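The data below hold one chain only, encoded as structure tokens and taken in the form solved without this ligand.
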């Protein structure tokens, strides 16, 4: 059908069809007379999977032959989404499979909708890991993603009575055709026990053992025949576990619960024992695998030359003391040498500055669960503080501030401090974020070791976030500059010479209209909801959190509604405001914000006077597969976090690459995006980081804004009086109280400027031609935000390896 989707050769289509029928028969044990759509999806999945195996086996054989330096990306989250279409795209099989299935009388897009999302992540941090795996494979790096195979990923969100309801994400129910269990590589992981000091070294004994069974999933590079591996560990009890008889067998569940479910928190630390077990479980199994592979290449001096371990935040921070434990206790290396190796091997990436998100584990927990690691952590701290003391003699407060051990009610271990001390590189995920790390929270560390601190601005993969989700746009682009940009996104800059091209302007606008029509239809299909495709699609999709300020968006929506009610027969640009995202199960305020959003919709969507001029929809169960549908259909991207709180953001990059304009604060990557496209082509508003600081020094008083802004006052009074909750007048009392007395994110402070900026947005939308020309300027300058650029920087500046665009023999 479309160029970018590859060729549909005669031989290939015929081959695909026969293999499809083979799998339906032999693999699924069914015939066309009883086969259901799900059966057809699996037949197709197994067919595409077969094309991966050959490349997968030789890629791994290749690494064994050349023995390049290996990159190990440790993360407790890998937000992969669906794998079928992505695999076809990277193997250039999309049109062939489309044709083959067509000839079999099946609609491939229908079959793709059957695949369950691999939701092994919460949001940005987990999705970044997924984009990174794609880019590392596309850049020919010998990389391995290591994580946990959660039986249940992020919960499926249901909206009942306007409230969020959570239900288990049993994503493995029908099986996962992409993974390959590798029980032969099962490894033991130890917990509890005690430390015994002998004549020669310490020994960790009387431990409880849990087995780690790996499952491998292929990660195909973009048309370069490279297929890397993502290895996820599953917890299994040993067979002699607890070995009345029946109960002992039933109790195996206790050990296997480690890999049972993903903790559903976004930017929030919950110090639960099960979470700590998950963190050590992944680290312990992974390091044994790493060392095993390293020995199968005694000389640990070359370990850092053959191994790089990237810690995705502090979740896998125990890799530092675990590596020391293995080198010192098991390999018998002296401390100083072991430490040198550890530092040169490990690198740490920080993803947030919010205090409530930082991991600070109670000493009593580590003491009982990992006694040897606690001892190693104390030793690390001692030697580290000795270095601080020597560099800043007499500065006693610096010593207590930099200690890995925090004193107080309960002693805690600051995992971020542990990571900085034991890593040769520490990076933020956006220029402004990395600067904040050096100026504030990690200032002391930066002063001691300035060379360790770096920046690696986030990015997204243009394969899934352009070619896959927006083929129409990828096509009109390829028509004018070729297909090379898909693996070299900077080439989109060539589109700047088409900003005045009447043909291109029309094609860009047409693609957007088609995407909106398709999405508008989807809303009625799976969610029975009517919307006007001619309206401006104003969307904010991301996890629900106070810092992301979905509440500020709500205030604007209510303002628009009140203005219409005030002057009904006055013209206003029609808008469809879409807000979606999940709230952590125990985050009360976040759940109240979801209820408020639906409550507003209940009033706005049924007001005869408003008509089809304003609609407020809450997008249920926002996840990767849904993102692929709504983002290509958006006109306006809401990135309005309080300046200094969103480390980077990545959803923002997705919207920019897909033809939406952005309204946002100078926060995270928004700053670099505006810088790339030109501030005149971005809708920036609100306080800058410096403005927020000035306000805090003076003291934030919400009452002041309430007293001086009539429209704001009205909204607050409507909320308090029960205007949006007739049956429950004080339903939103908590929201109002927070807004008025303890709003850590200064919602009111940016209200006026936000509303004003939104008016400028509506003004430009009234001029289709100019709106589209600005869109072209955004798409054309989004090249810097490809994760291929991000990974190339990690490779050269942190891992010490060169990326390659060379294909491997098929």
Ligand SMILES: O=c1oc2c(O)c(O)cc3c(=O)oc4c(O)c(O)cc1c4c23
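Numbering follows the first chain given and starts at 1.
Unshown form deposited with this ligand bound; subsequent notes refer to it.
Here the chain stands alone, but in the bound PDB entry its contact with this ligand, taken as any heavy atom within 4.5 Å, falls in 542-550 among 302-310, 323-331, 672-680, 542-550.
Although the partner is absent from this view, residue 507 stays clear of this ligand in the bound PDB entry, with no non-hydrogen atom inside 4.5 angstroms.
For residue 266, a non-hydrogen atom is located within 4.5 Å of this ligand in the bound PDB entry, even though that partner is not displayed.
Proximity of residue 356 to this ligand in the bound PDB entry falls within the 4.5 Å heavy atom cutoff. Interface membership of residue 723, defined by any non-hydrogen atom within 4.5 Å of this ligand in the bound PDB entry, is ruled out.
The listed set 188, 105, 586, 611 contains one residue whose heavy atoms approach this ligand in the bound PDB entry to within 4.5 Å, identified as 586.
Among the residues 206, 567, 270, 502, the one placing a heavy atom within 4.5 Å of this ligand in the bound PDB entry is 270.
Counting a residue when any of its non-hydrogen atoms is within 4.5 Å of this ligand in the bound PDB entry, there are no hits in 690-715.
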